[PDB]
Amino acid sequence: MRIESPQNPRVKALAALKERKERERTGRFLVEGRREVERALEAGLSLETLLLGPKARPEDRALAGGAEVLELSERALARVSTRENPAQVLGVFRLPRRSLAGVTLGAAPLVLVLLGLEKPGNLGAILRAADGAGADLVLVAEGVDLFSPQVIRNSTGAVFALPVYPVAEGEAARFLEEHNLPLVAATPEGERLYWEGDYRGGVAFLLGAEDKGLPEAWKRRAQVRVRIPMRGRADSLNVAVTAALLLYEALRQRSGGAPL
């Protein structure tokens, strides 16, 4: 069917999914954007309803795969959207439960441990970097929301295929301990250059969120603390840039590059 009024109860229900509490209550979440919807589908998430705006393309209908297709008016679409200018393709997906239970890591795994709550902008950028480098696992803080409109948007949907899990620090520590993997703490005060670390057999990088920084306890127990060199006026890099540099250095060594 097609819904005209932004006051229609279905539209109100869809708009309510902007809130985390409503996503948890309903077990549903909204994915906005043609690209983001394709990414969620590819990742194996279950589509319940496809939403199409007035400027949707005929190809967008093929994304439904049997799900309900709901057409929205311009005004109805604007109510449901979290964007300045709404995407013309959106999907209502089942909110999956994520858990490290039984998760196994491949050989010489590249792991990023992001300590502390992170802002959605940074978080999206970090996930994109992890996606690019082919990280085997990303651990984030226990309360991190990976299904918010902002994280989905800022990661361009990279969040969906990535092995990323919100976990308490205690659980994370115990999980990492089970593997023969070095803990490498990133910090501008690190004693070694990050190029000097040996990541050829895998690595779990420890990286603090932007405003929290690396917790002293994690810095202490790391096998090595590494810095990215700063050669100008700035005392530190953005957290996502830091994450990319670390992951791509591990990738360089996996690709045959020698530690410095």
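From 1 onward, residues are counted along the sequence shown.
K.L.:
Return whichever of 94-102 and 111-119 has the greater mean Cα B factor according to the PDB record.
P.N.:
Taking the mean B-factor of the alpha carbons in each, 94-102 is higher.
K.L.:
With respect to the recorded C-alpha B factors, which stretch has the higher mean value, 217-225 or 46-54?
P.N.:
Looking at the record's C-alpha B-factors, the answer is 217-225.
K.L.:
Out of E177, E189, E71, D145, which shows the largest CA B-factor listed in the entry?
P.N.:
Top of the list by C-alpha B-factor: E189.
K.L.:
When the deposited Cα B-factors of this chain's modelled residues are ordered and cut into thirds, is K12 in the lowest, the middle or the highest one?
P.N.:
It belongs to the middle third of the chain when residues are ordered by C-alpha B-factor.
K.L.:
Split into thirds by Cα B-factor across the chain's modelled residues, where does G202 land: lowest, middle or highest?
P.N.:
Its C-alpha B-factor, which the entry lists for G202, ranks in the highest third among residues of this chain.
K.L.:
State the tercile, meaning the lowest, middle or highest third, of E36 with respect to the CA B-factors recorded for its chain.
P.N.:
Middle third by C-alpha B-factor.
K.L.:
Lowest, middle or highest third: which one holds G65 when the chain's residues are ordered by CA B-factor from the entry?
P.N.:
Answer is highest: the recorded C-alpha B-factor places it there.
K.L.:
Pull the Cα B-factor of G124 out of the PDB entry and bin it into the chain's lowest, middle or highest third.
P.N.:
Middle third, going by the recorded CA B-factors of the chain.
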